[PDB]
Protein chains: 4
Amino acid sequence: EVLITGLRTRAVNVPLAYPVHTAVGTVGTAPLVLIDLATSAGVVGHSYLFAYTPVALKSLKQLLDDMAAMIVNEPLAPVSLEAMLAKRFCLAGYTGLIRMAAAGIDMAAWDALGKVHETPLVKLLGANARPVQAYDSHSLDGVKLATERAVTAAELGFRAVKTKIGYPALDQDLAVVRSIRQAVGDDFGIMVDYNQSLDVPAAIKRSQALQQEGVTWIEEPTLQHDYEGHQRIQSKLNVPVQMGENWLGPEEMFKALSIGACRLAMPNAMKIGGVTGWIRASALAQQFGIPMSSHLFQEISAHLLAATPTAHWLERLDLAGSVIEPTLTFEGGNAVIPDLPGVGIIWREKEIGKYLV
Amino acid sequence: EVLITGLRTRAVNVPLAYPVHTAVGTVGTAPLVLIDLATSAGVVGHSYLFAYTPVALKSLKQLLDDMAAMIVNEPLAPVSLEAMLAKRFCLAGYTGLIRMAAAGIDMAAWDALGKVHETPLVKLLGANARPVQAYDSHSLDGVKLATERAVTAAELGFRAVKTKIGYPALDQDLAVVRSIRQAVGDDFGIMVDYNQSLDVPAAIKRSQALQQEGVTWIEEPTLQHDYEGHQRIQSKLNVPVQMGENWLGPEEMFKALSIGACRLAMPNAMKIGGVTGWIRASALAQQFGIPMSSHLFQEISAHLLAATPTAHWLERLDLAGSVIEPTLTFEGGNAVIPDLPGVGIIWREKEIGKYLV
Amino acid sequence: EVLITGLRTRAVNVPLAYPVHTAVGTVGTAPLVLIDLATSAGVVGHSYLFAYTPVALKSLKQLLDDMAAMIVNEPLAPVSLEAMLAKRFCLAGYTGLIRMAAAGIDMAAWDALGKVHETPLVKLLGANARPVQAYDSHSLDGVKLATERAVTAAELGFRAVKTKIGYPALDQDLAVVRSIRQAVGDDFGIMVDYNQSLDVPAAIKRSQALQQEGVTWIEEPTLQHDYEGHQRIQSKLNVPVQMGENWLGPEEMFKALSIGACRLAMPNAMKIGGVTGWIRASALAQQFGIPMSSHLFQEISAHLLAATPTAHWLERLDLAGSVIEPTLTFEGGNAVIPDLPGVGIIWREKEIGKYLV
Amino acid sequence: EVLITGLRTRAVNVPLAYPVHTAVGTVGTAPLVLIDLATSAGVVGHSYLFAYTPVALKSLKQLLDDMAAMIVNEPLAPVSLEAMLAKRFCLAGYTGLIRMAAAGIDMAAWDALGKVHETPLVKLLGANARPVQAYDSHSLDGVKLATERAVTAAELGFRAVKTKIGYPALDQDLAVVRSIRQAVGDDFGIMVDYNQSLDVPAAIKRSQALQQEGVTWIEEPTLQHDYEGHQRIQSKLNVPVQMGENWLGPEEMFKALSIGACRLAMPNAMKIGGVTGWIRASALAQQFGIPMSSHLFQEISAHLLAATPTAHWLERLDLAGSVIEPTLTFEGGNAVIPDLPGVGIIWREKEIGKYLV
Ligand SMILES: C[C@@](O)(C(=O)O)c1ccccc1
Ligand SMILES: C[C@@](O)(C(=O)O)c1ccccc1
Ligand SMILES: C[C@@](O)(C(=O)O)c1ccccc1
Ligand SMILES: C[C@@](O)(C(=O)O)c1ccccc1
Ligand SMILES: [Mg+2]
Ligand SMILES: [Mg+2]
Ligand SMILES: [Mg+2]
Ligand SMILES: [Mg+2]
């Protein structure tokens, strides 16, 4: 009855604020692909994609433009849609860019299915809107700016910030961490992110030191695909090893969890397979006794997490704010889901035009 | 001293012959991306990429065009190059399309490094050119055509063909297999490919039946990423489970081998990471006691396999023949490496122009 | 096209400097076998072998003299050569002295293949020359001399020395370690080597104490072949257990890594199988997330490590300096690969004659 | 009180009879090193070593000549001696040629310790002389000669022969096996030896076929050091996988047994560490529920096996017969230990002189 009637994509390069100086590389602007999925019902669904690097921007768009044919005239059934894409790419590799594109479609699809029903996504999922404690996500900003950015966080009501470490010397890592703690006090969270920049032995040395300082969690210490490696690091700690931003599909998640690679997880809405993949990852975490947090996509992650049995933390890191309405809000360090059908994504057309690639 | 000075790409849609009717989907023409990598030495390296589906053709090209910047002015050092790309994409995901593109670059790089030295690739790798038994690769062609295509194979000196099964009924699978055997006799190889089209239990039922018929190997019975699944199937057989065409990187290989997912392997030159990744996969197979065969890219695979300690079979499946010279040859069902520097890839410019996308 | 035309060997007993008083036994002079491998191309390849003890000197030479027949008239293809030797000794045992001799041949072969191409080895391997942090390797020298030898190290720009411990009493071990630290400060590396001189329980007691003192790594605590044992020791530590100097072939490496016997590795160019074996060990370390350092053969190790994805530390321990040119250099505690084709080994004929056995 | 006063070695190249055409390579004459170990007691101990290949003959001798110094003036205490050699070579590698030489010394030492006591070795070991069923060991002799050689065996009272297979085709393997069976009947043993000439998958195919024919055991199907590999093969069979001729030390044995690599074992007196190592391997087999047979050295193996709790089969393969007295005898396919002190090795001085290298 409800058919997908079209797919429109726009590739922009949006302004951020600070610029995710990461534990390995850094980011000035943000490359995104905005997605409009048209339906026979007179409702348009929305989503966006993050390209990490501009190198992949035109590619990711071109890929979606070419997939539009596969999905038009198909029924608006995300679960079915997803299955169909998985069979169509089984040879090329239903992962990477292909999977990210599929995820963008799923997200829009679910958004449109939410509007069809004049219901907020979380509600459609069968749950009640609840706030979610979130943490302010910073970068590899050095002692001073890291410290400055945390006082502001807390000033805005945040109860934890996340900072990027992995300086040439463990000593620097610590420096940064201590300055923030002094600035904010013992009743505050400090999550650190090594951005997969260390080897296993080094991660053990550094993590132990930090453990002492009292970090909330140590995220992506080594190469992301090295599950076993992560297990080895974790095995030497009390503090939780955090991971999962790079899991392409619930299938990669399953693998990592199967070996006890981590104590916490934080799937990425795009990489995990959109709404459809999330639901699945959430069931996994549950069975595995893994508190599940989010990575980017605060808009949809807010709804998603409220339907997650082991929901943990939402990550505040506004990639898309310059081109969308400020529907998602934060009340006392807790994200509040807007009371709008679907995900609550409303475009800022005039701005969009400013950043078109 | 030797620098990369440029990257040119052309996307064509080449004519094949028969059309890889596969155990799940089928292929009429072939979408490729041809790569020219220019050097300060006045030598151009070559490679090509297979896109499986035209959906990904423009995308894959656009991706390479955008990566050209990363590699220009870099030294012509494939091993170093590769490392550098791996750090640059650690966030986006050094797999999928990104990895395939990286592999295409590596292949060209190694080709150019071979010309720089006026030496054939295999030679540069430290080995001697030797023929490699190959098998003629067919598709899901039905009883009649499968049978017709095998008599010809053997007529051309082949000692084994590979066919695609996975018909709605096990009975059909068998039919196809028996007709070929009758046509060719007991002293002939028959490799079957299910193209990841079955569940685990069904693969056990079907594989056992075939086991009886005497197949050389059962390839990709279930979903490719389901390593454990493959282990379960294998555990119930005597005949070898074959896999590895979808392993994106030696890192995915390692995982599968670690659980004893298969008895044989056949990495894909593109997906495994080009020459650089191959060398690594080959060391793995060795330690693991896994006879290693190839998947597509007969041109480079010929050289590659001769430097493989556990070299098994080369797969004949000419994707690129319409746009390149017939340097690779087959003598009595054995592939013969041409005595040309590099890989031996020479373009057919006039033809290329015919298929430009 | 390029054939091996001859094999010449000379056995010398070279002067050292200090004399590797080891955590079990000690060394005054150095017994080596120098290898010249002649080719149809008018290029001679070089390598040398270390005999550890003079007991094995004449034996090792005699063994190479007798193998010369096997390799003459063979093509200059190290990878092929190596395979051929492995089949020829499968009965006698392709390990021990036999393997060491094979490794010496491989090394020369690769050196000659580098000259054939007027290219530095590392370059031929596909990588870029880069410096490698190295550490000055000392012996079981006692408190005073150990301390004296470190001040000089650092004076020469080294950032870490390695010392031999394993005194009758843990107290002595510590003494030595503390004196060096005082002498050099907290920003300096101290690697310790027990030379396989302890039992498992004792290694646990001693390693824990040292862990406190802050050693960089604990190397070969127990009998080298006792992998499991090493795993037990490691399991009780935070500090890395280092091993691999005695691994005869990548096959022994694989075994040790398979059980998690260590956190770091340091293969020996000779024992691991020359260039050919190295390439393989390096792929293993990679997959296993094991930072790989070297053992002896600083000349070739320098090139080797630059092509190692998980390259760690180069060990400075000049066995051969009295009979070769000072091509390898150290700039600020980093080894610099000479810009000479092959490995860069140039003999000092007049000196050689002084030490001929 | 009893000291070792000297070590004499002679390297001969002895005539055989048939010539161990092996499942990979073949042998015309036999290269041995005969050992005389002098004592303060006026008793000379004896042993011999097998060099597999003449390539290693001069080397092995030279090695023993150089070790003589280490052992002279030492007490005639094999157990202590052995320990001492193990510490002295811990750096060079107490395996390979070095270990073989050590084993030759141990064997002589024990022989001399037997003469000192005017007691037969087995007796000194604490056991009673008993016959041991043995099997006649043949080579890769083809259908006809294999068949001829078995009729004779049985004619001489043997109840089982061992033949070498591994022909280019499984069909040949079978041919050979069937002809012998026809020739001898169902109440006869047929042990087959693949000489490590197959890959894992192929070994599974071939072994299963043979299993059908009814072989006594399948020996060294794949590369000897590939324990895991052997475990995989064994796991697919009912018939016993036999191995252990290449285990250098009880330490290599332990490893293989630990993973269930085989159902039977057959250590080599030389490679396992002489008498001293045997005693140890025998305790291992016992605990592991592994029937233990021998490899070469029928003279000492006869005594050894009678002191083995899980003693199985003795292998008849007379390497040394041309230079020693016919003390060891066979009565009805059972080896009979001579009633002479020590091992019973008496040289044939006049003959020795004929084969001196
Ligand atoms: C640091 C990071 O891994 C995170 O935790 O959010 C991150 C990665 C990529 C883009 C933005 C942020
Ligand atoms: C059937 C196949 O998996 C193979 O074995 O080659 C194949 C897959 C994709 C394209 C061509 C061929
Ligand atoms: C101490 C040592 O094991 C090392 O680490 O180099 C060593 C062993 C043998 C010879 C020289 C040095
Ligand atoms: C075939 C063999 O492995 C055996 O079983 O004895 C053998 C190996 C080496 C020399 C002689 C015999
Ligand atoms: Mg992160
Ligand atoms: Mg296939
Ligand atoms: Mg050491
Ligand atoms: Mg044998």
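All Cβ positions, even for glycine, are placed from backbone atoms using ideal geometry, and neighbour counts span all protein chains on display. Taken together, the values in this text are just the output of simple stated rules run on the coordinates, not laboratory data.
Charged side chains reduced to their Cβ positions (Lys and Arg at +1, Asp and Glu at -1) give chain D a dipole of some 340 debye around its Cα centre.
Once the Cβ-Cβ distance of A:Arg8 and C:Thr327 is raised to the sixth power relative to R0 = 51 Å, the FRET efficiency obtained is 0.20. For A:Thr310, the residues whose modelled amide H falls within less than 5 Å of its own, excluding neighbours fewer than 5 places apart on the same chain, are A:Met292.
Computed from the Cβ-Cβ distance with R0 of 35 Å, the FRET efficiency linking D:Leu145 to B:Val151 stands at 0.30.
Of the residues D:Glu315, D:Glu251, C:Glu331, the one with the fewest other Cβ atoms within 10 Å heads the list, and the complete ranking is C:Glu331, D:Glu251, D:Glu315.
In this structure the amide hydrogen of A:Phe297, modeled in the peptide plane, comes within under 5 Å of the amide hydrogens of A:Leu319, none closer than 5 places in sequence on its chain. When chain B is turned onto chain A, the axis of that turn runs closest to one Cβ of chain B, and that residue with its distance in whole Å is B:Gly96, 1.
Computed over the protein assembly as shown, the P(r) tail beyond 68 angstrom holds 11 percent of alpha carbon pairs. Shown for C:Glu213: label points 7 Å from Cα along the beta-carbon vector, and their distances to the equivalent points in the other copies, 2.9, 6.3, 7.0 nm in ascending order.
For chain B, the longest principal axis of the C-alpha atoms and the axis of helix B:78-88 are separated by about 90°. For the cross-link pairs D:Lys144/D:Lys164; C:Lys162/C:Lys255; D:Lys61/D:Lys271, the ones whose C-alpha atoms lie over 18 Å apart are C:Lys162/C:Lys255. Close amide H partners of A:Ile324, meaning residues 5 or more places away or on another chain with modelled amide H under 5 Å apart, are A:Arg348.
Mind checking the log10 I(q)/I(0) for chain C at q = 0.10, 0.11, 0.13 Å⁻¹? Debye, one equal scatterer per Cα, no solvent, two decimals. Rounded to two decimals, the profile gives -0.59, -0.72, -1.01. By the beta-carbon count within 10 Å of each Cβ, the least crowded to most crowded order of D:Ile337, C:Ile272, A:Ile346, fewest first, is A:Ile346, D:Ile337, C:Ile272. Summarising the strand pairing of the protein assembly as shown, around 55 percent of its internal DSSP beta bridges are antiparallel. Within the same chain, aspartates and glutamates fewer than 8 places from B:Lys58 are excluded, and of the rest, those with a Cα less than 18 Å from its Cα are A:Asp65, A:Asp66, B:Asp36, B:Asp66. Only bridges whose two residues both fall in the range D:119-348 count here: according to DSSP, what percent of them are antiparallel, nearest 5? Taking every DSSP beta bridge within the range D:119-348, about 20 percent pair in antiparallel fashion. Residue ranges B:201-207, D:33-39 sort as D:33-39, B:201-207 when ordered by packing (mean number of other C-beta atoms within 10 Å per residue, highest first). Per residue of chain C, the DSSP helices (runs of n ≥ 4 H) give a summed -39500 (n - 2.57) that works out to -12500 deg cm²/dmol at 222 nm. One quarter of the surface of the convex hull around the alpha-carbon atoms of the range D:118-196 equals 7.2 nm², the direction-averaged projected area. Whole Å is fine, so just give me how far the alpha carbon centre of the range C:226-245 lies from that of the range C:151-196. Comparing the Cα centres of the range C:226-245 and the range C:151-196, I get a distance of 20 Å. In order along the range A:95-111, the Karplus-derived 3J(HN,Hα) couplings, from 6.51 cos²θ - 1.76 cosθ + 1.60 at θ = phi - 60°, round to 8, x, 3, 4, 5, 4, 4, 4, 5, x, 5, 4, 4, 5, 3, 5, 4 Hz, and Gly and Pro are given as x. Partners of B:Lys123 within straight-line reach, counting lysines whose Cα lies under 20 Å from its Cα and excluding those fewer than 8 residues away in the same chain: B:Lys115, C:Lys115, C:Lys123.
Under the simplified labelling scheme, the C:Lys354-B:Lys87 pair shows an inter-label distance of 4.3 nm, with each label point 7 Å from Cα along Cα→Cβ. The other copies place their A:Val357 label points at 1.8, 6.5, 7.1 nm from this one, listed shortest first, where each point is 7 Å from Cα along Cα→Cβ. Its Cα gyration tensor gives the range A:1-91 an equivalent ellipsoid; the semi-axes, largest first and in whole Å, are 30, 16, 11.
Remark: label point of D:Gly289 defined 7 Å out from Cα along the Cα-Cβ vector; separations to the same position in other copies 2.2, 3.5, 3.7 nm, ascending. Excluding same-chain neighbours fewer than eight residues apart, the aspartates and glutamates reachable from D:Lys350 by a Cα-Cα span under 14 Å are D:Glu325.
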